[PDB]
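Undergrad: File name coords24.txt; file contents compact mmCIF, C-alpha atoms and all ligand atoms; full text below.
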```txt
# COMPACT_ATOMS: atom_id res chain seq x y z
CA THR A 41 5.17 6.18 -19.06
CA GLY A 42 4.71 9.27 -16.87
CA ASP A 43 1.25 10.21 -15.59
CA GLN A 44 -1.86 8.96 -17.34
CA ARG A 45 -5.16 10.52 -16.27
CA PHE A 46 -8.06 8.10 -16.35
CA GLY A 47 -11.25 9.67 -15.12
CA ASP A 48 -10.47 11.12 -11.72
CA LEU A 49 -7.52 8.74 -11.13
CA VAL A 50 -3.87 8.82 -12.21
CA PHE A 51 -1.77 5.81 -13.29
CA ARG A 52 2.02 5.84 -13.67
CA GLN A 53 4.22 2.99 -14.94
CA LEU A 54 7.14 2.31 -12.58
CA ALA A 55 8.64 -0.83 -14.11
CA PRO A 56 7.79 -3.14 -17.07
CA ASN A 57 5.16 -4.98 -15.01
CA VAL A 58 4.38 -2.40 -12.26
CA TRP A 59 2.09 0.64 -12.21
CA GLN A 60 1.11 3.06 -9.45
CA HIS A 61 -2.56 3.93 -9.05
CA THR A 62 -3.52 7.26 -7.45
CA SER A 63 -6.92 8.39 -6.20
CA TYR A 64 -8.14 11.45 -4.30
CA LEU A 65 -10.44 12.29 -1.39
CA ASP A 66 -11.25 15.66 0.17
CA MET A 67 -10.30 15.90 3.84
CA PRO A 68 -10.79 19.26 5.68
CA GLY A 69 -7.42 20.68 6.74
CA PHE A 70 -5.55 18.51 4.24
CA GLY A 71 -7.26 19.32 0.93
CA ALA A 72 -7.76 16.73 -1.78
CA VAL A 73 -5.46 13.96 -0.53
CA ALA A 74 -3.73 11.62 -2.96
CA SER A 75 -3.36 7.95 -2.04
CA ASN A 76 -1.16 5.57 -4.04
CA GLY A 77 -1.23 1.83 -4.47
CA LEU A 78 0.23 -0.64 -6.97
CA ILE A 79 -0.78 -2.89 -9.85
CA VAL A 80 1.55 -5.75 -10.77
CA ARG A 81 1.36 -8.06 -13.76
CA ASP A 82 2.67 -11.54 -12.97
CA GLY A 83 2.53 -13.51 -16.21
CA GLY A 84 -1.11 -13.95 -17.19
CA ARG A 85 -2.64 -12.36 -14.08
CA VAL A 86 -2.74 -9.05 -12.25
CA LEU A 87 -2.19 -8.41 -8.54
CA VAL A 88 -3.35 -5.24 -6.71
CA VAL A 89 -1.88 -3.58 -3.63
CA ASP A 90 -4.40 -1.27 -1.88
CA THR A 91 -7.81 -0.15 -3.01
CA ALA A 92 -8.63 3.42 -3.91
CA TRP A 93 -10.47 5.56 -1.34
CA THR A 94 -13.95 4.52 -2.60
CA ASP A 95 -15.77 1.67 -4.30
CA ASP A 96 -16.41 3.78 -7.38
CA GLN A 97 -12.72 4.73 -7.68
CA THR A 98 -11.73 1.10 -7.16
CA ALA A 99 -14.03 -0.03 -9.96
CA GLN A 100 -12.23 2.56 -12.12
CA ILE A 101 -8.91 0.91 -11.26
CA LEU A 102 -10.38 -2.36 -12.50
CA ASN A 103 -11.61 -0.62 -15.67
CA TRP A 104 -8.10 0.77 -16.28
CA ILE A 105 -6.64 -2.75 -15.83
CA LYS A 106 -9.20 -4.12 -18.33
CA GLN A 107 -8.30 -1.47 -20.92
CA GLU A 108 -4.53 -1.38 -20.44
CA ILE A 109 -3.64 -4.93 -19.41
CA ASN A 110 -6.73 -7.09 -20.16
CA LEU A 111 -5.84 -9.96 -17.84
CA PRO A 112 -7.74 -11.24 -14.75
CA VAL A 113 -7.06 -9.76 -11.34
CA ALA A 114 -6.08 -12.78 -9.27
CA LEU A 115 -5.95 -11.10 -5.85
CA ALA A 116 -5.60 -7.89 -3.93
CA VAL A 117 -3.77 -7.22 -0.66
CA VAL A 118 -4.45 -4.12 1.44
CA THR A 119 -1.92 -2.64 3.83
CA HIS A 120 -3.99 -1.38 6.81
CA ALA A 121 -7.58 -0.63 7.89
CA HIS A 122 -7.89 3.03 6.86
CA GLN A 123 -10.09 4.25 4.02
CA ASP A 124 -7.31 5.10 1.60
CA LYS A 125 -6.14 1.47 1.59
CA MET A 126 -9.36 -0.49 2.23
CA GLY A 127 -12.21 1.86 1.25
CA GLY A 128 -12.91 0.02 -2.02
CA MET A 129 -13.10 -3.57 -0.70
CA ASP A 130 -16.74 -3.97 -1.85
CA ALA A 131 -15.73 -3.16 -5.46
CA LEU A 132 -13.12 -5.92 -5.37
CA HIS A 133 -15.64 -8.40 -3.96
CA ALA A 134 -18.22 -7.40 -6.58
CA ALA A 135 -15.60 -8.15 -9.25
CA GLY A 136 -14.92 -11.62 -7.79
CA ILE A 137 -11.34 -10.81 -6.68
CA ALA A 138 -9.80 -12.71 -3.74
CA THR A 139 -8.80 -10.24 -1.02
CA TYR A 140 -6.14 -10.39 1.68
CA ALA A 141 -5.18 -8.28 4.69
CA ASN A 142 -3.30 -8.63 7.94
CA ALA A 143 -5.51 -10.60 10.37
CA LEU A 144 -5.38 -7.53 12.63
CA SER A 145 -6.62 -5.29 9.76
CA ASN A 146 -9.56 -7.60 9.28
CA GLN A 147 -10.28 -7.54 13.03
CA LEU A 148 -10.16 -3.71 13.02
CA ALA A 149 -12.02 -3.19 9.77
CA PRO A 150 -15.62 -2.95 11.13
CA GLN A 151 -14.72 -0.40 13.84
CA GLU A 152 -12.77 1.62 11.27
CA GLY A 153 -15.77 1.69 8.94
CA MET A 154 -14.18 -0.77 6.46
CA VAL A 155 -15.33 -4.06 4.97
CA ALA A 156 -12.88 -6.87 5.91
CA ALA A 157 -10.88 -8.75 3.33
CA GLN A 158 -11.88 -12.36 2.70
CA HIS A 159 -8.55 -13.84 3.89
CA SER A 160 -6.24 -13.09 6.81
CA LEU A 161 -2.45 -12.94 6.63
CA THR A 162 -0.43 -13.96 9.65
CA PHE A 163 3.20 -13.19 10.33
CA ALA A 164 6.21 -14.91 11.85
CA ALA A 165 7.89 -13.32 14.87
CA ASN A 166 10.51 -11.87 12.49
CA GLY A 167 7.80 -10.06 10.47
CA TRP A 168 7.70 -12.15 7.27
CA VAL A 169 4.26 -13.35 6.19
CA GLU A 170 3.53 -16.99 6.95
CA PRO A 171 3.57 -18.29 3.34
CA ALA A 172 0.53 -20.55 3.69
CA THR A 173 -1.59 -17.43 4.41
CA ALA A 174 -0.44 -15.68 1.18
CA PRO A 175 -0.94 -18.38 -1.50
CA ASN A 176 -0.32 -17.46 -5.12
CA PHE A 177 1.23 -14.08 -4.23
CA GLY A 178 3.84 -14.55 -6.99
CA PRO A 179 6.45 -11.75 -6.75
CA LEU A 180 4.73 -9.96 -3.82
CA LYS A 181 6.78 -10.32 -0.63
CA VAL A 182 4.72 -9.24 2.40
CA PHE A 183 6.42 -8.02 5.57
CA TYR A 184 5.00 -6.75 8.88
CA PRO A 185 7.65 -4.25 10.10
CA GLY A 186 6.18 -3.67 13.54
CA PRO A 187 3.60 -1.12 14.75
CA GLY A 188 4.15 2.35 13.32
CA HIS A 189 1.61 4.39 11.39
CA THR A 190 -0.86 1.86 12.76
CA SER A 191 -0.62 -1.37 14.76
CA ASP A 192 -1.64 -3.38 11.65
CA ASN A 193 0.45 -1.70 8.92
CA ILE A 194 2.11 -4.08 6.43
CA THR A 195 4.54 -3.55 3.54
CA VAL A 196 5.19 -5.26 0.24
CA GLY A 197 8.28 -5.78 -1.93
CA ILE A 198 8.12 -6.81 -5.58
CA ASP A 199 10.53 -9.62 -6.48
CA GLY A 200 12.30 -9.09 -9.79
CA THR A 201 12.11 -5.31 -9.46
CA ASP A 202 13.79 -2.59 -7.46
CA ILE A 203 10.48 -1.56 -5.84
CA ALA A 204 9.20 -1.79 -2.31
CA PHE A 205 5.94 -0.32 -1.03
CA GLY A 206 5.83 1.22 2.46
CA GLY A 207 2.16 2.31 2.41
CA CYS A 208 1.39 5.02 4.93
CA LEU A 209 4.34 4.05 7.15
CA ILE A 210 6.88 5.86 4.92
CA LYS A 211 6.89 9.52 3.85
CA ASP A 212 9.20 11.04 1.26
CA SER A 213 12.64 12.49 1.93
CA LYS A 214 11.34 16.09 1.99
CA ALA A 215 8.23 15.48 4.12
CA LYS A 216 7.64 17.81 7.10
CA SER A 217 5.59 15.43 9.21
CA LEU A 218 4.52 11.82 9.69
CA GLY A 219 0.90 12.70 8.81
CA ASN A 220 -1.91 11.00 10.71
CA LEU A 221 -0.52 9.71 14.03
CA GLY A 222 -3.94 9.20 15.60
CA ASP A 223 -3.63 5.42 15.40
CA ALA A 224 0.18 5.34 15.59
CA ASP A 225 2.61 3.57 17.89
CA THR A 226 4.87 6.54 18.51
CA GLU A 227 7.40 4.59 20.61
CA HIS A 228 8.00 1.95 17.93
CA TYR A 229 7.55 3.95 14.70
CA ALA A 230 11.24 4.60 14.06
CA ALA A 231 12.19 0.97 14.54
CA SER A 232 9.32 -0.14 12.29
CA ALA A 233 10.40 2.21 9.49
CA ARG A 234 13.98 0.90 9.78
CA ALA A 235 12.76 -2.72 9.79
CA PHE A 236 10.94 -2.08 6.49
CA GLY A 237 14.20 -0.84 4.99
CA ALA A 238 16.12 -3.86 6.33
CA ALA A 239 13.53 -6.31 4.96
CA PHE A 240 13.96 -4.99 1.41
CA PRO A 241 17.65 -3.98 1.18
CA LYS A 242 17.84 -4.06 -2.61
CA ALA A 243 14.80 -1.83 -3.21
CA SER A 244 16.05 1.47 -4.68
CA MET A 245 12.57 2.81 -5.48
CA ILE A 246 10.32 3.30 -2.47
CA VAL A 247 6.60 3.72 -3.19
CA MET A 248 4.34 5.11 -0.49
CA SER A 249 0.76 6.20 0.00
CA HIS A 250 0.98 9.99 0.24
CA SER A 251 4.16 10.92 -1.67
CA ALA A 252 5.47 10.22 -5.18
CA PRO A 253 8.06 7.40 -5.48
CA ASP A 254 11.41 8.29 -3.93
CA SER A 255 14.83 6.83 -3.17
CA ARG A 256 15.70 5.08 0.11
CA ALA A 257 16.19 8.55 1.63
CA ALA A 258 12.42 8.31 2.23
CA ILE A 259 13.13 5.51 4.74
CA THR A 260 16.04 7.18 6.50
CA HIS A 261 14.19 10.51 6.70
CA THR A 262 10.98 8.91 7.94
CA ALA A 263 12.88 7.04 10.64
CA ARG A 264 14.86 10.15 11.66
CA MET A 265 11.61 12.11 12.05
CA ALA A 266 10.10 9.25 14.06
CA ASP A 267 13.10 9.33 16.41
CA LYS A 268 11.52 12.67 17.58
CA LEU A 269 8.37 10.86 18.78
CA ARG A 270 10.30 8.98 21.47
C1 LIG B 301 -7.47 8.66 5.76
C2 LIG B 301 -5.97 8.70 5.82
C3 LIG B 301 -5.48 7.36 6.44
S1 LIG B 301 -3.67 7.21 6.53
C4 LIG B 301 -5.60 9.88 6.73
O1 LIG B 301 -5.90 9.87 7.93
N1 LIG B 301 -5.04 10.95 6.17
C5 LIG B 301 -4.65 11.12 4.75
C6 LIG B 301 -3.14 11.54 4.70
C7 LIG B 301 -2.94 12.82 5.54
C8 LIG B 301 -1.46 13.23 5.49
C9 LIG B 301 -1.13 13.72 4.09
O2 LIG B 301 -1.93 14.54 3.56
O3 LIG B 301 -0.06 13.29 3.62
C10 LIG B 301 -3.33 12.58 6.97
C11 LIG B 301 -4.80 12.16 7.02
ZN ZN B 302 -3.51 5.16 7.53
ZN ZN B 303 -2.87 6.93 4.41
```
So, in terms of structure tokens, how does the structure I just supplied come out?
Ligand SMILES: C[C@H](CS)C(=O)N1CCC(CC(=O)O)CC1
Ligand SMILES: [Zn+2]
Ligand SMILES: [Zn+2]

TA:
Amino acid sequence: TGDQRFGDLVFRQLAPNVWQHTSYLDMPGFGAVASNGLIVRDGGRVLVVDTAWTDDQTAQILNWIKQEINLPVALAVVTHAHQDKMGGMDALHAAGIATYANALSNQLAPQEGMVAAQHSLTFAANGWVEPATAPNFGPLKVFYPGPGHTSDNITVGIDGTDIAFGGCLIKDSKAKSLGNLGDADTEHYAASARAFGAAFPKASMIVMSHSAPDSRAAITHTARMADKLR
């Protein structure tokens, strides 16, 4: 429990079968930026949400899983086509892991400097993933909340836990800004943040890319800040 340093990465147990992975990249004007994703054990397999920033860091996530869990990684899903979430796709492919992203993330990946995932998720008009596109996802419940941080951003709840992951859409309850809005839909952000909250009403622990886990005040605060963009 608590933070475990493993090379240049940090791992933190959040629930009996859920860990947060954290990796860092220098960005001028922002410093060494943390990005979080998730590792979930579902019976005899492991599921990953988001890569680390780089292939080397992502291979270290797989090394941590080997050491600490020692079960095969059945699949990975990534939450949009920016480097913090998709930068390590080649490491997953080298390891033989099946990879999934929003169809739109895969379409955008080359222009964003990313390698596409192998499989494309599609979404119903109400935002829930079309189940045939997310086979064998076990407790991962994938939801497209609308355009926000990016047009392609997706979110993931973990069935059987109190955890939902907002990726880079959600910031914590004390954040001063919405971060990188360069690819954002400023008109729709607030609604998208609120739709994430409404999709996962029982999630009391909100995990996000660039803050430590928080309560649902992360959602309300993020949406209230995004009201300013309209
Ligand atoms: C590469 C990523 C893709 S979301 C990015 O653009 N940034 C990292 C996060 C910072 C905001 C922060 O430090 O919390 C903005 C810049
Ligand atoms: Zn992003
Ligand atoms: Zn990000």

Undergrad: Please identify the residues whose atoms come within 7 Å of ligand ZN 303 (chain B), using all atoms listed in the file, and report them as a list in words.

TA: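 So, counting all atoms listed in the file, the residues near ligand ZN 303 (chain B) are residues 75, 122, 124, 125, 208, 249 and 250 of chain A.
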
Undergrad: Go through A:70, A:163, A:104, A:205 and flag the residue nearest residue 254 (chain A), using only C-alpha atoms for the distances.

TA: A:205

Undergrad: What's the 6 Å shell around residue 141 (chain A), counting all atoms listed in the file, without same-chain residues fewer than 3 positions away, as a VMD selection string?

TA: chain A and resid 117 to 118 157 160 to 161

Undergrad: Store the residues picked out above, limited to C-alpha atoms, as a tab-separated table (two decimals), in the coordinates of the input.

TA:
```tsv
chain	number	residue	atom	x	y	z
A	117	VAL	CA	-3.77	-7.22	-0.66
A	118	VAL	CA	-4.45	-4.12	1.44
A	157	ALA	CA	-10.88	-8.75	3.33
A	160	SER	CA	-6.24	-13.09	6.81
A	161	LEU	CA	-2.45	-12.94	6.63
```

Undergrad: Kindly provide, as a ChimeraX atom specification, all nucleotide and amino acid residues lying within 10 Å of ligand LIG 301 (chain B), counting only C-alpha atoms and all ligand atoms.

TA: /A:64-75,93,120-127,189-190,207-209,211-212,215-223,249-251

Undergrad: Quick one: residues within 10 Å of region 224-237 of chain A, all atoms listed in the file, excluding same-chain residues fewer than 3 positions away - as a PDB file with C-alpha atoms, in the frame of the given file?

TA:
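So around.pdb came out as:
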```pdb
ATOM      1  CA  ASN A 166      10.510 -11.870  12.490  1.00  0.00           C
ATOM      2  CA  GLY A 167       7.800 -10.060  10.470  1.00  0.00           C
ATOM      3  CA  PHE A 183       6.420  -8.020   5.570  1.00  0.00           C
ATOM      4  CA  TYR A 184       5.000  -6.750   8.880  1.00  0.00           C
ATOM      5  CA  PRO A 185       7.650  -4.250  10.100  1.00  0.00           C
ATOM      6  CA  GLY A 186       6.180  -3.670  13.540  1.00  0.00           C
ATOM      7  CA  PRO A 187       3.600  -1.120  14.750  1.00  0.00           C
ATOM      8  CA  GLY A 188       4.150   2.350  13.320  1.00  0.00           C
ATOM      9  CA  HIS A 189       1.610   4.390  11.390  1.00  0.00           C
ATOM     10  CA  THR A 190      -0.860   1.860  12.760  1.00  0.00           C
ATOM     11  CA  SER A 191      -0.620  -1.370  14.760  1.00  0.00           C
ATOM     12  CA  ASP A 192      -1.640  -3.380  11.650  1.00  0.00           C
ATOM     13  CA  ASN A 193       0.450  -1.700   8.920  1.00  0.00           C
ATOM     14  CA  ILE A 194       2.110  -4.080   6.430  1.00  0.00           C
ATOM     15  CA  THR A 195       4.540  -3.550   3.540  1.00  0.00           C
ATOM     16  CA  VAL A 196       5.190  -5.260   0.240  1.00  0.00           C
ATOM     17  CA  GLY A 197       8.280  -5.780  -1.930  1.00  0.00           C
ATOM     18  CA  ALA A 204       9.200  -1.790  -2.310  1.00  0.00           C
ATOM     19  CA  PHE A 205       5.940  -0.320  -1.030  1.00  0.00           C
ATOM     20  CA  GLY A 206       5.830   1.220   2.460  1.00  0.00           C
ATOM     21  CA  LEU A 209       4.340   4.050   7.150  1.00  0.00           C
ATOM     22  CA  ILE A 210       6.880   5.860   4.920  1.00  0.00           C
ATOM     23  CA  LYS A 211       6.890   9.520   3.850  1.00  0.00           C
ATOM     24  CA  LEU A 218       4.520  11.820   9.690  1.00  0.00           C
ATOM     25  CA  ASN A 220      -1.910  11.000  10.710  1.00  0.00           C
ATOM     26  CA  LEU A 221      -0.520   9.710  14.030  1.00  0.00           C
ATOM     27  CA  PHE A 240      13.960  -4.990   1.410  1.00  0.00           C
ATOM     28  CA  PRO A 241      17.650  -3.980   1.180  1.00  0.00           C
ATOM     29  CA  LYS A 242      17.840  -4.060  -2.610  1.00  0.00           C
ATOM     30  CA  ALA A 243      14.800  -1.830  -3.210  1.00  0.00           C
ATOM     31  CA  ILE A 246      10.320   3.300  -2.470  1.00  0.00           C
ATOM     32  CA  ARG A 256      15.700   5.080   0.110  1.00  0.00           C
ATOM     33  CA  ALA A 258      12.420   8.310   2.230  1.00  0.00           C
ATOM     34  CA  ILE A 259      13.130   5.510   4.740  1.00  0.00           C
ATOM     35  CA  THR A 260      16.040   7.180   6.500  1.00  0.00           C
ATOM     36  CA  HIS A 261      14.190  10.510   6.700  1.00  0.00           C
ATOM     37  CA  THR A 262      10.980   8.910   7.940  1.00  0.00           C
ATOM     38  CA  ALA A 263      12.880   7.040  10.640  1.00  0.00           C
ATOM     39  CA  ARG A 264      14.860  10.150  11.660  1.00  0.00           C
ATOM     40  CA  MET A 265      11.610  12.110  12.050  1.00  0.00           C
ATOM     41  CA  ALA A 266      10.100   9.250  14.060  1.00  0.00           C
ATOM     42  CA  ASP A 267      13.100   9.330  16.410  1.00  0.00           C
ATOM     43  CA  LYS A 268      11.520  12.670  17.580  1.00  0.00           C
ATOM     44  CA  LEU A 269       8.370  10.860  18.780  1.00  0.00           C
ATOM     45  CA  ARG A 270      10.300   8.980  21.470  1.00  0.00           C
TER      46      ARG A 270
END
```

Undergrad: Do a neighbour search on residue 111 (chain A) at 8 Å with all atoms listed in the file, toss out local chain neighbours closer than 6 positions, and write the hits as a list in words.

TA: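 In the requested format, the answer is residues 84, 85, 86 and 105 of chain A.
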
Undergrad: Mind pulling up the distance from CA of residue 59 (chain A) to CA of residue 80 (chain A)?

TA: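 Answer for the CA of residue 80 (chain A) to CA of residue 59 (chain A) separation: 6.6 Å.
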
Undergrad: Excluding same-chain residues fewer than 6 positions from residue 76 (chain A), what lies within 7 Å of it counting all atoms listed in the file, as a list in words?

TA: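 Near neighbours after the sequence-gap exclusion: residues 60, 61, 62, 63, 248, 249 and 250 of chain A.
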
Undergrad: What is the distance, in Å and to one decimal place, between CA of residue 91 (chain A) and CA of residue 171 (chain A)?

TA: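 CA of residue 171 (chain A) lies at a distance of 22.3 Å from CA of residue 91 (chain A).
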
Undergrad: Of the candidates A:132, A:145, A:54, A:95, which one gets nearest to ligand ZN 302 (chain B) if we count all atoms listed in the file?

TA: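 Checking each of A:132, A:145, A:54, A:95 against ligand ZN 302 (chain B), counting all atoms listed in the file, the winner is A:145.
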
Undergrad: Separation of CA of residue 103 (chain A) and CA of residue 159 (chain A), in Å?

TA: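 Computed distance, CA of residue 103 (chain A) to CA of residue 159 (chain A), equals 23.8 Å.
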
Undergrad: Mind rebuilding region 222-241 of chain A with N, CA and C atoms and writing that out as a PDB file, in the frame of the given file?

TA:
```pdb
ATOM      1  N   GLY A 222      -2.865   9.501  14.667  1.00  0.00           N
ATOM      2  CA  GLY A 222      -3.940   9.200  15.600  1.00  0.00           C
ATOM      3  C   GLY A 222      -3.974   7.742  16.021  1.00  0.00           C
ATOM      4  N   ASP A 223      -3.586   6.838  15.111  1.00  0.00           N
ATOM      5  CA  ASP A 223      -3.630   5.420  15.400  1.00  0.00           C
ATOM      6  C   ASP A 223      -2.214   4.844  15.512  1.00  0.00           C
ATOM      7  N   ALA A 224      -1.222   5.724  15.655  1.00  0.00           N
ATOM      8  CA  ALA A 224       0.180   5.340  15.590  1.00  0.00           C
ATOM      9  C   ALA A 224       0.729   4.829  16.914  1.00  0.00           C
ATOM     10  N   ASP A 225       1.760   3.997  16.789  1.00  0.00           N
ATOM     11  CA  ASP A 225       2.610   3.570  17.890  1.00  0.00           C
ATOM     12  C   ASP A 225       3.869   4.431  17.860  1.00  0.00           C
ATOM     13  N   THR A 226       3.820   5.541  18.593  1.00  0.00           N
ATOM     14  CA  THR A 226       4.870   6.540  18.510  1.00  0.00           C
ATOM     15  C   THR A 226       6.200   6.003  19.061  1.00  0.00           C
ATOM     16  N   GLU A 227       6.164   5.098  20.039  1.00  0.00           N
ATOM     17  CA  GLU A 227       7.400   4.590  20.610  1.00  0.00           C
ATOM     18  C   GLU A 227       8.139   3.711  19.598  1.00  0.00           C
ATOM     19  N   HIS A 228       7.394   2.992  18.748  1.00  0.00           N
ATOM     20  CA  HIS A 228       8.000   1.950  17.930  1.00  0.00           C
ATOM     21  C   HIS A 228       8.129   2.352  16.453  1.00  0.00           C
ATOM     22  N   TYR A 229       7.613   3.528  16.090  1.00  0.00           N
ATOM     23  CA  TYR A 229       7.550   3.950  14.700  1.00  0.00           C
ATOM     24  C   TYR A 229       8.936   3.885  14.058  1.00  0.00           C
ATOM     25  N   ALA A 230       9.940   4.494  14.705  1.00  0.00           N
ATOM     26  CA  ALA A 230      11.240   4.600  14.060  1.00  0.00           C
ATOM     27  C   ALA A 230      11.801   3.221  13.746  1.00  0.00           C
ATOM     28  N   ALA A 231      11.678   2.311  14.718  1.00  0.00           N
ATOM     29  CA  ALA A 231      12.190   0.970  14.540  1.00  0.00           C
ATOM     30  C   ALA A 231      11.445   0.246  13.405  1.00  0.00           C
ATOM     31  N   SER A 232      10.133   0.469  13.328  1.00  0.00           N
ATOM     32  CA  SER A 232       9.320  -0.140  12.290  1.00  0.00           C
ATOM     33  C   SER A 232       9.707   0.360  10.897  1.00  0.00           C
ATOM     34  N   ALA A 233       9.926   1.673  10.757  1.00  0.00           N
ATOM     35  CA  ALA A 233      10.400   2.210   9.490  1.00  0.00           C
ATOM     36  C   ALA A 233      11.742   1.581   9.106  1.00  0.00           C
ATOM     37  N   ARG A 234      12.663   1.435  10.080  1.00  0.00           N
ATOM     38  CA  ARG A 234      13.980   0.900   9.780  1.00  0.00           C
ATOM     39  C   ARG A 234      13.877  -0.589   9.442  1.00  0.00           C
ATOM     40  N   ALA A 235      12.966  -1.310  10.097  1.00  0.00           N
ATOM     41  CA  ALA A 235      12.760  -2.720   9.790  1.00  0.00           C
ATOM     42  C   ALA A 235      12.246  -2.936   8.358  1.00  0.00           C
ATOM     43  N   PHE A 236      11.372  -2.038   7.880  1.00  0.00           N
ATOM     44  CA  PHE A 236      10.940  -2.080   6.490  1.00  0.00           C
ATOM     45  C   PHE A 236      12.144  -1.968   5.554  1.00  0.00           C
ATOM     46  N   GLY A 237      13.031  -0.997   5.835  1.00  0.00           N
ATOM     47  CA  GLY A 237      14.200  -0.840   4.990  1.00  0.00           C
ATOM     48  C   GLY A 237      15.083  -2.091   5.010  1.00  0.00           C
ATOM     49  N   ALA A 238      15.239  -2.701   6.191  1.00  0.00           N
ATOM     50  CA  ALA A 238      16.120  -3.860   6.330  1.00  0.00           C
ATOM     51  C   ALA A 238      15.518  -5.101   5.679  1.00  0.00           C
ATOM     52  N   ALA A 239      14.181  -5.167   5.587  1.00  0.00           N
ATOM     53  CA  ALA A 239      13.530  -6.310   4.960  1.00  0.00           C
ATOM     54  C   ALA A 239      13.721  -6.318   3.450  1.00  0.00           C
ATOM     55  N   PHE A 240      13.855  -5.120   2.858  1.00  0.00           N
ATOM     56  CA  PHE A 240      13.960  -4.990   1.410  1.00  0.00           C
ATOM     57  C   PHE A 240      15.225  -4.233   1.015  1.00  0.00           C
ATOM     58  N   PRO A 241      16.426  -4.783   1.280  1.00  0.00           N
ATOM     59  CA  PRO A 241      17.650  -3.980   1.180  1.00  0.00           C
ATOM     60  C   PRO A 241      18.010  -3.592  -0.247  1.00  0.00           C
TER      61      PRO A 241
END
```
